[PDB]
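What follows is a short report on a single structure.
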2 protein chains.
Amino acid sequence: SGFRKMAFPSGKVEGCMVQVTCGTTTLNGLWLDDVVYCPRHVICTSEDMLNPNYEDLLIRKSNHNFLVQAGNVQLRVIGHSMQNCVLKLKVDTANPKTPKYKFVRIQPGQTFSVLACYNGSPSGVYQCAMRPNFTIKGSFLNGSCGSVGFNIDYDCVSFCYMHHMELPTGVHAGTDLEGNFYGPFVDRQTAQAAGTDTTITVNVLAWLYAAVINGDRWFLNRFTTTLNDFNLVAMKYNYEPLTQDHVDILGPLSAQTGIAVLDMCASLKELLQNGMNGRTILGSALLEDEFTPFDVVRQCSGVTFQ
Amino acid sequence: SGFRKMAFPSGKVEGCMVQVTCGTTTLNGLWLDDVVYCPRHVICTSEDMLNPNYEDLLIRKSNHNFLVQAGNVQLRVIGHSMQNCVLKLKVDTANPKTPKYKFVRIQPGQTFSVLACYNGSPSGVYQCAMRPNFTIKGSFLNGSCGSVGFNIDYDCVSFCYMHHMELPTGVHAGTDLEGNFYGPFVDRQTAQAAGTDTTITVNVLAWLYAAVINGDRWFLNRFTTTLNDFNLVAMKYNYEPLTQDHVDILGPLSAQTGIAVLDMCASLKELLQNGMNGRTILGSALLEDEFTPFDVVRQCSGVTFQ
Ligand SMILES: *[C@H](O)[C@H](C[C@@H]1CCNC1=O)NC(=O)[C@@H]1[C@H]2CCC[C@H]2CN1C(=O)COc1ccc(Cl)cc1Cl
Ligand SMILES: *[C@H](O)[C@H](C[C@@H]1CCNC1=O)NC(=O)[C@@H]1[C@H]2CCC[C@H]2CN1C(=O)COc1ccc(Cl)cc1Cl
């Protein structure tokens, strides 16, 4: 037992990370087969991030402008093209450590692992959720752009995130690996801001089920509630509405614990209206919302990845 | 910015993980050069974990009894010996992915990354601290024994933990890689229990400094306190005593923030006596104690590992 915010093993992604330098900008790239993917703002100079113009800027670039370090080994760039907000640097060597992979785009409420990198070298790994407002609460310093987020499904890496920027509240914004931003953000220096967030209701319920599985039961009650009347309380506390599909997705956790989903909702209702009264749940004094039902089932059953 | 509980990239350890099967027991082993390390209780049968006798049990074993799977490739065991509570299985192949490594033993209060494994296959990675009572609050199911904990210092893996067991409160106990248990636990089924824990004071202060660096300042005050009189409050709230060496270790974080260590202690004192009054620190409603000063400096400065 135990419940711990768990990332996927990072080895398969570590072997894809490289350093991309152009002009005075150094950031990270992702090397898969003979392409290096990286944020297009590597082409820019401090005065370019005012109102930059990437098509104009890119036509002025040459392949030799792009220095790509794979560890202590340099790669010729033999072509370059923009795809939305990422660059694709075509190189003369396919990465022999290319895992099986997919480029997927995730939904707010879904989680993934981030391999934070600097100068093409992995620094650490941690789990994040895509917030309802399309930001992530990460840990990113200068030079971390191009770090990727991912999930692993048996032997296949599903890349879902590439880091581009921090917003003024200290949250982070980026793109999918096709270069399309998550949320209404642009890779320019503007006054852009996150915008209002909500709590991921279905994930809180999943985490309450994780707590029960691990022996925290004090918040359980015999009360129940209707889906409609729970959702009236959810809206009050700036929680997302719970749908019948959410109820269905929580079925297996409901079956394992013997606690009906709507009964767990009645527990959440009481927690929202009364607080915790000095008690904790899975070592937290807050209702936690960055574990999906999948994350709970995975950890409270022990699935691996070769 | 941001502050997130971060593990080391796990790739170097993933390449060392193997499956060890003997009789009906399957667990994980660590393959370095031509030795596989694993918990000695793999040699035992359900009725052996009552009062088992590992020297007697091991002399009755044969090399061929030990099935070692390195992925989809089998390794002949060519020798075996016990070292304290671990077995060393000498195999006919050196692991070509052996990183540079050391076997170190850590102090309570120190942190490390755990690569949870099942059937020799990595499942997930997360950060743990060695509690003052020599337990760790992990996430471990059946078949996870032999998973290791580690730190990485530039290119060198310092293995510090190998998992052996869960205790009745849901915490976990194991050994260093020389097979010596952390704390007063034995690899037998007894009524053993964790025993009283305390909060790691110097780590809480480090995390308060991490909060300031990231813009949480509401808990700061102009108050100050003496080391002696802080420690009177610490004892009251079952926090560890703060030593002058702890104060020294917090120096760099004090210098970066401009908040004297003793002033931060005065802030902690107020937090302990008053609580948080509905506010949070780095997304937590509890005083967090599993980040060391090193962990804070590392993450709030961006060190990597090749
Ligand atoms: C890329 O390495 C960089 C990552 C940033 C730096 C600090 N934390 C991060 O996540 N990205 C940027 O510097 C981007 C840059 C590309 C697109 C727009 C440009 C501005 N930008 C920002 O992140 C701006 O915001 C910001 C916020 C807070 C701090 Cl302390 C620093 C910055 Cl640069
Ligand atoms: C090894 O894979 C196993 C890991 C355990 C299993 C559940 N969580 C864990 O961390 N270790 C054991 O089963 C050990 C075994 C070797 C030494 C003494 C023997 C008893 N033991 C325990 O962990 C006993 O405790 C325990 C506690 C709670 C549960 Cl749900 C299950 C167990 Cl087995």
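Here Cβ is always computed from backbone atoms with ideal geometry, including for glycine, and neighbour counts include all displayed protein chains. None of the figures in this text is laboratory data; all of them are computed from the coordinates on show.
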- Message: What whole-number distance in Å separates the alpha-carbon centres of the range A:252-270 and the range B:123-142?
- Response: 28 Å
- Rounded, prolate or oblate (a/c below 1.5 giving rounded, otherwise prolate when a/b exceeds b/c) for the range A:49-110 by Cα gyration tensor: oblate
- Message: Quick check: the distance between the Cα centres of the range A:40-116 and the range A:215-246, to the nearest angstrom?
- Response: 43 Å
- Once the mean 1/r over all distinct Cα pairs of chain B is inverted, what Kirkwood radius in angstroms do you read off? 20.9 Å
- Message: With +1 on the Cβ of every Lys and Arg and -1 on the Cβ of every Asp and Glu, and nothing else charged, how large is the dipole of the protein assembly as shown about its Cα centre, in debye rounded to the nearest 20?
- Response: 400 debye
- Total charge of the residues flanking B:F291 in space, meaning their Cβ is under 12 Å from its Cβ, with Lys and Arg +1 and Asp and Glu -1, is -1
- Task: With 25 Å as the limit, write out which pairs from A:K97/B:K97; A:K100/A:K137; A:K100/B:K88 have Cα-Cα distances beyond it, or answer none.
- Result: A:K100/A:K137; A:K100/B:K88
- Task: Could you please tell me the mean projected area of the C-alpha convex hull for the range A:198-301, averaged over all directions and given in square nanometres to one decimal?
- Result: 5.8 nm²
- Note on the structure: When the charge dipole of the range B:193-306 is computed with +1 on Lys and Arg Cβ and -1 on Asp and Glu Cβ about the Cα centre, the Cα farthest towards its positive end, among B:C265, B:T224, B:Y239, belongs to B:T224
- Item | Cβ-based charge dipole, the range A:15-99, positive-most Cα from A:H80, A:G23, A:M49 | A:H80
- Output, in nm with one decimal and in ascending order, the distances from the A:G79 label point to the matching label points of the other copies (7 Å from Cα along Cα-to-Cβ). 5.6
- Along Cα→Cβ at 7 Å, what distances in nm separate the A:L167 label point from those on the other copies, shortest first? 4.3
- With the calculation restricted to Cα positions, what are the radius of gyration and Dmax of the range A:15-99 in angstrom? 12.3, 39
- Item | At 7 Å out from Cα toward Cβ: A:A94 inter-copy label distances (nm, ascending) | 3.1
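So if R0 is 41 Å, what FRET efficiency would B:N51 and A:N274 give, r being the distance between their Cβ atoms, rounded to the nearest 0.05?
Computed FRET efficiency for B:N51 and A:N274 comes out at 0.25.
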- Classified through the alpha carbon gyration tensor (a ≥ b ≥ c as square roots of its eigenvalues; rounded if a/c is under 1.5, else prolate when a/b is larger than b/c, else oblate), the protein assembly as shown comes out rounded
- Rg and Dmax of the range B:66-217, Cα atoms only, in Å: 17.4, 60
- Task: Would you mind listing how long the range B:1-62 runs along its three principal axes, going by Cα atoms, in whole Å with the largest first?
- Result: 56, 28, 19
- Query: Simple spin-label model, 7 Å along Cα-to-Cβ: B:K90 to B:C156 in nm?
  - Reply: 2.6 nm
- In degrees, nearest ten, helix B:261-274 long axis to first principal axis of chain B (Cα): 90 degrees
- Query: Can you give the helix-only mean residue ellipticity at 222 nm for chain A, where every DSSP H stretch with n ≥ 4 adds -39500 (n - 2.57) and the sum goes over all residues, rounded to the nearest 500 deg cm²/dmol?
  - Reply: -6000 deg cm²/dmol
